[PDB]
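Chemist: Below: one structure in structure tokens.
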Amino acid sequence: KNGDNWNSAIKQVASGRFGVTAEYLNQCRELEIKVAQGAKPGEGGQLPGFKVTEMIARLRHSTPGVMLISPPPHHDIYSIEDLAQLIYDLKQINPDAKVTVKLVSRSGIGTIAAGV
Amino acid sequence: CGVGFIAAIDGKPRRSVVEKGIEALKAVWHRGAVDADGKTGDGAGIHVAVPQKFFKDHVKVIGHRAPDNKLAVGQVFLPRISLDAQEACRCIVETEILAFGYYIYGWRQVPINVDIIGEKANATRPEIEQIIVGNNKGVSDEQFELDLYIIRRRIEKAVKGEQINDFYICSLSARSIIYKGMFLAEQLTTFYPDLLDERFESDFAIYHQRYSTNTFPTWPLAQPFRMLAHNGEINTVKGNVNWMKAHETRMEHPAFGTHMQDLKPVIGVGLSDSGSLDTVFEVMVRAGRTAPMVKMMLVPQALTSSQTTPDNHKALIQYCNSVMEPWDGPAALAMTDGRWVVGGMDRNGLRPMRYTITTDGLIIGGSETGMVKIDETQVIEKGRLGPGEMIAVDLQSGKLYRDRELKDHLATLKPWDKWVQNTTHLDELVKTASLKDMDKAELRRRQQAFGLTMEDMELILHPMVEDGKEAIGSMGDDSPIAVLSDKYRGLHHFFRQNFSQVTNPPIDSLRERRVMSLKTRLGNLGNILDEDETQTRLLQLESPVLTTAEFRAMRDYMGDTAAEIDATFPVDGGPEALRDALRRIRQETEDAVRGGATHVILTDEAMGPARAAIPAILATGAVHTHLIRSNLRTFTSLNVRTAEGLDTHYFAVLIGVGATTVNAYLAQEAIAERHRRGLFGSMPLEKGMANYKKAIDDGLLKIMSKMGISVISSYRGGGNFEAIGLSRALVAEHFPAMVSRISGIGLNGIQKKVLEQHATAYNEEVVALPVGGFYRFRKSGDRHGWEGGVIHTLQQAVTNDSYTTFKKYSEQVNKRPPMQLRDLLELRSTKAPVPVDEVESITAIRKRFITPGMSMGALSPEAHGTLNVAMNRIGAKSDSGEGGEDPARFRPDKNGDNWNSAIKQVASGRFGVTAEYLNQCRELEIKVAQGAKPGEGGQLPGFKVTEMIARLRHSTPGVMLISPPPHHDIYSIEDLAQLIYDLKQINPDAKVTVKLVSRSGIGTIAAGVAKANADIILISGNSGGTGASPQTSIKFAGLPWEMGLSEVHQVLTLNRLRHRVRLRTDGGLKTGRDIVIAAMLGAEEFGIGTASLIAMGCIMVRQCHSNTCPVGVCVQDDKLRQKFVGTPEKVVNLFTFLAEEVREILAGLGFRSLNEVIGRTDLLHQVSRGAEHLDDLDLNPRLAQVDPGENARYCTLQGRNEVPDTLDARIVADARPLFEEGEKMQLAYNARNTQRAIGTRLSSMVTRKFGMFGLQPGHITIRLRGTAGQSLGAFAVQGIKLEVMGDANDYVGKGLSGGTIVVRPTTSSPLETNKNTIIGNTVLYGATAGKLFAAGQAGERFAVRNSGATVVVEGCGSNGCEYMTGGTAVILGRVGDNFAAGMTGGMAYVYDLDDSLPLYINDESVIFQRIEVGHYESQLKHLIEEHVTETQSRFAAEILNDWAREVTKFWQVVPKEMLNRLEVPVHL
Ligand SMILES: Cc1cc2nc3c(=O)[nH]c(=O)nc-3n(C[C@H](O)[C@H](O)[C@H](O)COP(=O)(O)O)c2cc1C
Ligand code: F3S
């Protein structure tokens, strides 16, 4: 009511697919795809046991007080063709948003850049 | 437009100064007008020192040997068309230079670039050359400059003496040089490539960029002049040039020598006002005086009778005003000598000026602050200039003198207190002389001799001596003009007063009487180029009106030195008695003057049954003009008696023509007679005489302030009038420079009428005075325009739908004898008639009609609503008026009507003006004046302000409301272009229409307004009604609208601007023939006005100013409002009938539509009255037809005229998420001075979206870096917040309604907050609600007409909180002069450290005291807490720390009207 916009303008599609939902993908302007980040490029994001509250369980559709660790590989990205298919899917489900990949700087990234 | 000066304090030549000057020139394009092509401007110029090394190297390159003494350079514009004229001009210059024996080094042709100048300013481009002269005789510099000045005068004279036009010496000296032209101000440095060389170095630079009012340019009329650079306009130019012509005969000095006989015509011919000002300035400087002294003597400071000024400056000002008469008007001067550089203001403080000091000893002054860029880490003092202030720099000693220090250094030269002590003010003289009768028969005889009536006499005389004020009319005058009458009318009916509309504003009289002077000096004229206490040995009077007692005292004083002259002529003389009488009195007074008599007394006590009296106006004019033409007026002070003077207009016109004092003895005789019969009651004779004298003085002050003049010493002999209905020969022979565009009766008719009246008076034994019918109607005589029969016939025709009755009404209206100018005309055509059906549809001409607005405070809201309903039903456009409008009227009706308007007025009061109120409309209207009162403004009596109008106007109930005459934000055409910019910014779908009043010379203002991006002009005649106005204003002002309309159309077509602006006239239209004639003259839209009122109940009772109008139209009480009998069907039928008659007459003419006739004057002809024998009124110039060329005479483009975009656009694209979702936003930008009206378009958008108060405060915030332009936050609604870091220019916070503005120096400022200026003038003009927190000294006219806003400022200027009505203002520190004058509602809190407030404040309607109630203490505490939280000012925190000790230092200012109506008692 006070002109406060609490929504998030960029949404993420990570390797966990915790809160992804048909309604969650239309409240945005740009969607982002997560491959790896600068701290844990291989093992994916993790969340401790005593952190997840009941609200976290409702957000992530899970059991309260359990250790949640995201699977390292995107189970639907096993090759670059899978990446193209996933971008097709995302652009189909959202008719007006943009897609974005997220890489980590390493040698031999040129071919990956050209592919994406 | 703008002037500016950059000076170095040390006094060393350098390049950075010229660099800064050119940079300042390059950023002023926003103020000056724009063109269509972008290659022509109004004129620009720079004035710098002479680069000695540059020309020395040039001469060395030529081949000569450069000497060591200085080298003078002179710039000349030679004619370019021919070739042999250039040769003769060079020969003239060389033969007048080589006379003094100097040596010439040669000429030079400055290279210029001729692709920048547009084609218009190129057809009159002169050939620019320079001449280099050198001193081989070896004289000092002062003699050198004096000789060069004398050489320039001699050259100008010898060239003028040969009719060699277009030859101008711009500047010839060895210290200064001038580079001026007609190019754009920006391209200066790319037009004169000489200025690009880095070898030009100076220590002072003065730049000017003017603002023209004519499409045809002229090079020599482009500022700056030799010793001056003026911004504004000088009103008193005619009186000043006349008195200069008088003084030209006895001014001499041993410095010049025989060459003084060359400089007799000190003022040339064909120069503008600033030109004459500059030439007199240069003379008085070269004579030996210094620059500050002559600045004081030409335009002095207002001699206040207060204890704010010590006696030193008081005696100085007395001497200055004793030497020379002032030059009133708005003027911000930036002049320079060879030694001093002075900036100064006028008496009132209208134009703006701001200066800044750097750390490296450099001072930069100009009109706006952001014109030059300086880092914040180098400013030392940002100042301003109040009324009459001045700041100077001395280059020889290298010092900077501010106001008080310079005033002291001036007043410490000569013993001014002793010199001023040799005067004599005639009060103790009459007091000690007081220690040392006419029968009623001859009294009535003479009263009938001079045509005085009885009822019209007491109706205007008894209210003068009863309370001390003047009468009040209630409706527009339709009496015949001075020449079309058949009864006797004195000469004063033939002179209409003047006024200023746009070029310069009028002056208020009730709240600015401190700055007006009515002093009169006798025996004071002398050598202005001499300085000795002999000049302060004269006679002083407080007012030029004298009763018989003081007149006898002065007569006994003068005694034998007077020379009394007759003013009578034999009645039995031949057909040429008046001319011989004039010649006789002329020779008599001239011989008396040559006889050493220093006084002339015009008296006509020799009237009897055998000799008639000459109208004193004519005698005074003849004597004055003859004493001027015989080089003798400088000797004798003219003294005049009369037997007719009764009203203020008579005394005004009698003093304006040359007289010094007027004594009306017969009126005092009549007053004493009326007292001896016991009519006033218990009032003594002396009290009545005092009231009468006060009334005459106030009338004179009103007539002076009508046109922006504050000194009677400069109005005398000015000829600021217009004679309508007189021959050209007589008005050019026996009167000063005036204007009479149409001719009139000559000497024969005057004598005939005088003799006939005298025969009716004395030959027959008249026993009682007639009843008279001038003001009111009577059956005896004095025919009018509206009559009983006509009113009844109109009412019947409109109430019975009988078109035949309307035809009979029109026939009755047209058959009357000629009562107006157009009645002397007759339309004709040679084509064949056409069946009536082919004429365009009735609705097509019905849509060309409007109804001029009337304020809601004047007439009852029922009639206003009826007009609006009828107009919104028929399809035409109505007007809301001046008193705002009801908000709930913004919704349609269930029956198909709408109680809204289509045109909103933005007057000089700004009552209900709000960002919303300017949105529900189509055509904004900016009222400047009207026909019933040109220079008074709208007024509303006391008891007509009920609670409804109180909640509408945000005012106090039961108290009078008189709007200020001048627009506090329109002081010149520059501010008017600015205001039109703001108004077109706030509303995207409106066309801004200006209103005008007919007068002489309106063409210049017309062309200016056309160039100022206006859309619709509106010319009004003198026959417009009102709700309340003085009688002199109604009967003795304005001209018929035909003359003005013809003039404005011809001027707009001449400059090829007519196709860019429509035209519209109003005032006294009843029939169809007048509409067709108005269409023929050039009008396109017509307003009917009061006629509609008569079709609604008004039957010309003329009691609207008493709130008891019988039928119930102009009323504000319950009982009379219920007697309303109006109906919109009446107005519908009225407009239907008008369109029907127009259709019929246009069919009879031989055309088919209105587009075929607009702009044609070759269809009119003139028929005269041979039996009247009067000199045929030469209406020929009113039929002057100029060929339009290719653009049609009526043509106009579709839609409003475009306008450039400001920063607001960049916001509305980056804030679109706000207009689509409604969320908080914070934006940041850099703000230059060129950007104007930052943040108004967003205000309009949010007003359309959420309304006035739809968003909570601070819903969207904007930060601005640098220097904001003019009109910051104009009409910002609640929810917007603006915060600027730096300084604002002017007009900041205008029209604020709910918004929030914050100004503050940036965080790195080394300055002191409460010791510098941060904003401009007229801050918060007519705001309604919101807040304004600042840190610094404001400007003059701070928070005028404020009502509801809350403002907190640290120190302000003069006229603070003037005319306030509500809200709260918290001032910290020193306040200006004349503070809280005329305040009516609200409250003020001042912080005084020296208890100086009781000396500056105005005790008219405010009381100042100490704070006692804890409630107000807590309120002020909260306000200061909020202010210091917002801007983090250190002074506010320091106050809040020591609050328990500062609660006593505060003073409270409370209006005299809210003493009991307030909830909490302000006094315990
Ligand atoms: C009673 C009355 C009140 C008026 N009030 C205003 C006013 O408040 N502001 C204004 O600009 N003109 C005012 N006018 C002038 C009209 O707008 C219009 O110019 C004038 O009445 C037309 O002249 P007319 O009487 O011949 O029709 C008023 C006129 C009358 C008769
Ligand atoms: S004189 Fe005025 S008050 Fe009404 S009756 Fe006529 S309009």
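Residue numbers start at 1 in each chain; chains themselves are named A, B, ... in the order of the structure tokens; ligands are numbered from 1 in the order shown.
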Report as a PyMOL selection string: the residues of chain A with a DSSP assignment of strand (DSSP E), based on the backbone of this structure.

Modeler: chain A and resi 10-13+30-33+46-47+68-69+98-100

Chemist: Would you save the residues of that selection, restricted to N, CA and C atoms, as a PDB file, in the first residue's frame?

Modeler:
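Now in part_5.pdb:
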```pdb
ATOM      1  N   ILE A  10      14.140 -10.727 -11.235  1.00  0.00           N
ATOM      2  CA  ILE A  10      14.885 -11.767 -11.935  1.00  0.00           C
ATOM      3  C   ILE A  10      14.689 -13.075 -11.187  1.00  0.00           C
ATOM      4  N   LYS A  11      14.233 -14.100 -11.898  1.00  0.00           N
ATOM      5  CA  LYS A  11      13.975 -15.405 -11.315  1.00  0.00           C
ATOM      6  C   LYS A  11      15.044 -16.393 -11.758  1.00  0.00           C
ATOM      7  N   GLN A  12      15.316 -17.370 -10.901  1.00  0.00           N
ATOM      8  CA  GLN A  12      16.352 -18.358 -11.146  1.00  0.00           C
ATOM      9  C   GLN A  12      15.744 -19.731 -11.393  1.00  0.00           C
ATOM     10  N   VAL A  13      16.381 -20.482 -12.281  1.00  0.00           N
ATOM     11  CA  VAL A  13      16.044 -21.881 -12.533  1.00  0.00           C
ATOM     12  C   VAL A  13      17.320 -22.667 -12.269  1.00  0.00           C
ATOM     13  N   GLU A  30      12.950 -11.401 -16.522  1.00  0.00           N
ATOM     14  CA  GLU A  30      14.055 -12.177 -17.067  1.00  0.00           C
ATOM     15  C   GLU A  30      14.277 -13.409 -16.206  1.00  0.00           C
ATOM     16  N   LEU A  31      14.434 -14.556 -16.854  1.00  0.00           N
ATOM     17  CA  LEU A  31      14.753 -15.800 -16.176  1.00  0.00           C
ATOM     18  C   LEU A  31      16.237 -16.101 -16.320  1.00  0.00           C
ATOM     19  N   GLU A  32      16.794 -16.744 -15.304  1.00  0.00           N
ATOM     20  CA  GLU A  32      18.220 -17.012 -15.235  1.00  0.00           C
ATOM     21  C   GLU A  32      18.442 -18.496 -14.995  1.00  0.00           C
ATOM     22  N   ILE A  33      19.414 -19.065 -15.699  1.00  0.00           N
ATOM     23  CA  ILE A  33      19.761 -20.475 -15.580  1.00  0.00           C
ATOM     24  C   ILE A  33      21.068 -20.581 -14.813  1.00  0.00           C
ATOM     25  N   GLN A  46      24.042 -26.005  -1.048  1.00  0.00           N
ATOM     26  CA  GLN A  46      23.616 -26.839   0.062  1.00  0.00           C
ATOM     27  C   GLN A  46      23.017 -25.967   1.154  1.00  0.00           C
ATOM     28  N   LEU A  47      22.149 -26.575   1.960  1.00  0.00           N
ATOM     29  CA  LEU A  47      21.501 -25.889   3.066  1.00  0.00           C
ATOM     30  C   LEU A  47      21.588 -26.769   4.306  1.00  0.00           C
ATOM     31  N   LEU A  68      18.986 -30.359   3.250  1.00  0.00           N
ATOM     32  CA  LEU A  68      18.700 -30.266   1.824  1.00  0.00           C
ATOM     33  C   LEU A  68      19.984 -29.939   1.077  1.00  0.00           C
ATOM     34  N   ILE A  69      20.363 -30.810   0.147  1.00  0.00           N
ATOM     35  CA  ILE A  69      21.520 -30.597  -0.713  1.00  0.00           C
ATOM     36  C   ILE A  69      21.084 -30.810  -2.155  1.00  0.00           C
ATOM     37  N   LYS A  98      13.341 -12.868 -20.761  1.00  0.00           N
ATOM     38  CA  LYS A  98      14.633 -13.206 -21.332  1.00  0.00           C
ATOM     39  C   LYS A  98      15.277 -14.328 -20.530  1.00  0.00           C
ATOM     40  N   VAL A  99      16.167 -15.065 -21.184  1.00  0.00           N
ATOM     41  CA  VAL A  99      16.869 -16.179 -20.562  1.00  0.00           C
ATOM     42  C   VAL A  99      18.341 -15.821 -20.435  1.00  0.00           C
ATOM     43  N   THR A 100      18.982 -16.371 -19.410  1.00  0.00           N
ATOM     44  CA  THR A 100      20.350 -16.010 -19.068  1.00  0.00           C
ATOM     45  C   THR A 100      21.062 -17.217 -18.485  1.00  0.00           C
TER      46      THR A 100
END
```

Chemist: Enumerate as a list in words all residues of chain A assigned to helix (DSSP H, G or I) by DSSP on the backbone, naming them with the chain letters and numbers the document uses.

Modeler: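 Matching residues, listed in order: residues 54, 55, 56, 57, 58, 59, 60, 80, 81, 82, 83, 84, 85, 86, 87, 88, 89, 90, 91, 92, 93, 110, 111, 112, 113, 114 and 115 of chain A.
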
Chemist: Keeping only N, CA, C and O atoms, write the selected residues as a short mmCIF file (atom, residue, chain, number, x, y, z; two decimals), in the first residue's frame.

Modeler:
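Printed below is selection-v7.cif as written:
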```cif
data_model
loop_
_atom_site.label_atom_id
_atom_site.label_comp_id
_atom_site.auth_asym_id
_atom_site.auth_seq_id
_atom_site.Cartn_x
_atom_site.Cartn_y
_atom_site.Cartn_z
N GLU A 54 9.66 -24.07 9.12
CA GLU A 54 8.42 -24.48 8.48
C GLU A 54 8.12 -23.63 7.26
O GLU A 54 7.60 -24.13 6.25
N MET A 55 8.44 -22.33 7.32
CA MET A 55 8.25 -21.47 6.17
C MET A 55 9.14 -21.90 5.01
O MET A 55 8.71 -21.88 3.85
N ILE A 56 10.37 -22.30 5.31
CA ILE A 56 11.26 -22.79 4.26
C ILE A 56 10.71 -24.08 3.66
O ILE A 56 10.77 -24.29 2.45
N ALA A 57 10.15 -24.95 4.50
CA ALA A 57 9.56 -26.18 3.99
C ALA A 57 8.37 -25.89 3.10
O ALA A 57 8.16 -26.58 2.09
N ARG A 58 7.57 -24.88 3.44
CA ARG A 58 6.45 -24.52 2.58
C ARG A 58 6.93 -23.93 1.27
O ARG A 58 6.36 -24.20 0.21
N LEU A 59 7.99 -23.12 1.31
CA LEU A 59 8.53 -22.53 0.09
C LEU A 59 9.09 -23.60 -0.84
O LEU A 59 8.90 -23.53 -2.06
N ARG A 60 9.79 -24.59 -0.28
CA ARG A 60 10.49 -25.57 -1.08
C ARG A 60 9.76 -26.91 -1.16
O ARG A 60 10.32 -27.86 -1.71
N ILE A 80 24.84 -29.98 -24.79
CA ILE A 80 24.45 -28.65 -25.24
C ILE A 80 23.09 -28.68 -25.93
O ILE A 80 22.33 -27.71 -25.87
N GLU A 81 22.75 -29.80 -26.57
CA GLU A 81 21.42 -29.93 -27.16
C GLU A 81 20.35 -29.85 -26.08
O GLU A 81 19.28 -29.26 -26.30
N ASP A 82 20.62 -30.42 -24.91
CA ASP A 82 19.69 -30.28 -23.80
C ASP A 82 19.55 -28.82 -23.39
O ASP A 82 18.46 -28.37 -23.04
N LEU A 83 20.65 -28.07 -23.43
CA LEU A 83 20.59 -26.65 -23.10
C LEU A 83 19.69 -25.91 -24.08
O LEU A 83 18.87 -25.08 -23.68
N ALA A 84 19.85 -26.19 -25.37
CA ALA A 84 19.00 -25.53 -26.37
C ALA A 84 17.54 -25.90 -26.16
O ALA A 84 16.65 -25.04 -26.26
N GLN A 85 17.27 -27.17 -25.86
CA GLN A 85 15.90 -27.59 -25.60
C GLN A 85 15.32 -26.88 -24.39
O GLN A 85 14.15 -26.48 -24.39
N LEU A 86 16.13 -26.71 -23.34
CA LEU A 86 15.65 -26.05 -22.13
C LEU A 86 15.38 -24.57 -22.38
O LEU A 86 14.42 -24.02 -21.84
N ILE A 87 16.21 -23.92 -23.20
CA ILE A 87 15.94 -22.53 -23.52
C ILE A 87 14.67 -22.41 -24.35
O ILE A 87 13.86 -21.49 -24.15
N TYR A 88 14.46 -23.35 -25.28
CA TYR A 88 13.19 -23.39 -26.01
C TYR A 88 12.02 -23.51 -25.05
O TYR A 88 11.01 -22.80 -25.18
N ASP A 89 12.13 -24.41 -24.07
CA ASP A 89 11.05 -24.62 -23.11
C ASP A 89 10.77 -23.35 -22.32
O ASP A 89 9.62 -22.92 -22.20
N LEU A 90 11.82 -22.73 -21.77
CA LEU A 90 11.64 -21.51 -20.98
C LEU A 90 11.01 -20.40 -21.81
O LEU A 90 10.11 -19.71 -21.33
N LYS A 91 11.48 -20.21 -23.04
CA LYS A 91 10.90 -19.16 -23.86
C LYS A 91 9.48 -19.50 -24.30
O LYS A 91 8.71 -18.60 -24.62
N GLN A 92 9.12 -20.78 -24.31
CA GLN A 92 7.74 -21.15 -24.58
C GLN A 92 6.84 -20.80 -23.41
O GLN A 92 5.76 -20.22 -23.59
N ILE A 93 7.26 -21.15 -22.19
CA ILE A 93 6.37 -21.00 -21.04
C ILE A 93 6.21 -19.54 -20.66
O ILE A 93 5.18 -19.15 -20.09
N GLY A 110 35.92 -20.60 -24.34
CA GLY A 110 35.53 -19.99 -25.59
C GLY A 110 34.52 -20.82 -26.37
O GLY A 110 33.53 -20.29 -26.89
N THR A 111 34.78 -22.12 -26.49
CA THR A 111 33.86 -22.99 -27.21
C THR A 111 32.50 -23.01 -26.54
O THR A 111 31.46 -23.02 -27.22
N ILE A 112 32.48 -23.02 -25.21
CA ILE A 112 31.22 -22.97 -24.48
C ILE A 112 30.50 -21.66 -24.78
O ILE A 112 29.27 -21.64 -24.96
N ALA A 113 31.23 -20.55 -24.81
CA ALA A 113 30.62 -19.27 -25.11
C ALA A 113 29.96 -19.29 -26.48
O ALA A 113 28.81 -18.87 -26.63
N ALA A 114 30.68 -19.79 -27.48
CA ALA A 114 30.12 -19.84 -28.83
C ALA A 114 28.90 -20.76 -28.88
O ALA A 114 27.91 -20.45 -29.54
N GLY A 115 28.96 -21.89 -28.17
CA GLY A 115 27.82 -22.79 -28.17
C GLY A 115 26.58 -22.16 -27.57
O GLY A 115 25.49 -22.22 -28.15
#
```

Chemist: Check every residue of chain A for an atom within 7 Å of chain B, counting only C-alpha atoms, and provide those that qualify as a list in words.

Modeler: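 Using only C-alpha atoms, chain A residues at most 7 Å from chain B: residues 3, 4 and 5 of chain A.
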
Chemist: Create the file for the chosen residues now, containing C-alpha atoms and written as a PDB file, in the first residue's frame.

Modeler:
```pdb
ATOM      1  CA  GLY A   3       4.331   1.958  -2.873  1.00  0.00           C
ATOM      2  CA  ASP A   4       6.707  -0.799  -1.764  1.00  0.00           C
ATOM      3  CA  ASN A   5       7.534  -3.347  -4.475  1.00  0.00           C
TER       4      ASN A   5
END
```

Chemist: Excluding stretch 947-958 of chain B and its own-chain neighbours fewer than 2 positions away, which residues fall within 12 Å of it when counting only C-alpha atoms? Please give them as a PyMOL selection string.

Modeler: chain B and resi 855-861+882-888+909-914+940-945+960-963+1116-1117+1326-1329+1345-1349+1363-1367+1383-1386+1455-1458+1461-1462

Chemist: Name the closest residue to residue B:767 among the candidates B:1427, B:440, B:1415, B:633; distances are taken between atoms, counting only C-alpha atoms.

Modeler: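 The shortest atom-to-atom distance to residue B:767 comes from B:440.
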